[PDB]
Every structure is written in C-alpha cells, then in structure tokens.
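Peer 1: There's a structure below that I have some questions on.
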C-alpha cells in the first residue's frame with residue numbers, strides 16, 4: 001500500500 005512507505009503516511013492522512 002502507500003502506507004507501506006513512510007512518505008504516504010506523513011503526506012497523506014487520507015491514505016493512512
């Protein structure tokens with residue numbers, strides 16, 4: 001998933 005990447009977790013609270 002994108003939350004597998006630290007970036008998506010920070011950048012996108014929608015994704016995570």
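Easy rule for this one: first residue shown is 1, then count along the chain.
Determined via solution NMR.
From the backbone N, Cα and C atoms, a Cβ is placed for every residue, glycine too.
From Swiss-Prot, for reference:
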type	residues	note
DISULFID	2-8	disulfide bond
DISULFID	3-16	disulfide bond
MOD_RES	15	sulfotyrosine
MOD_RES	16	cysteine amide
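I'd like to know what surrounds each of these features in this structure.
Peer 2: Of all Cβ atoms in the protein chains displayed, 15 besides its own lie within 10 Å of the Cβ of residue 8 (disulfide bond). Under DSSP, residue 8 (disulfide bond) is assigned to a helix (H, G or I) in the three-state scheme.
For the recorded site, residue 3 (disulfide bond), the DSSP three-state label reads coil. Annotation for residue 3 (disulfide bond): spatial neighbours 9, 15, 16, criterion Cβ-Cβ under 8 Å with sequence separation of six or more.
Residue 16 (disulfide bond) falls outside any helix or strand according to DSSP and counts as coil.
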Peer 1: Please list, in sequence order, the residues in the chain of residue 2 (disulfide bond) that are at least six apart in sequence and whose C-beta is under 8 Å away from its C-beta.
Peer 2: 8, 9, 12, 15, 16
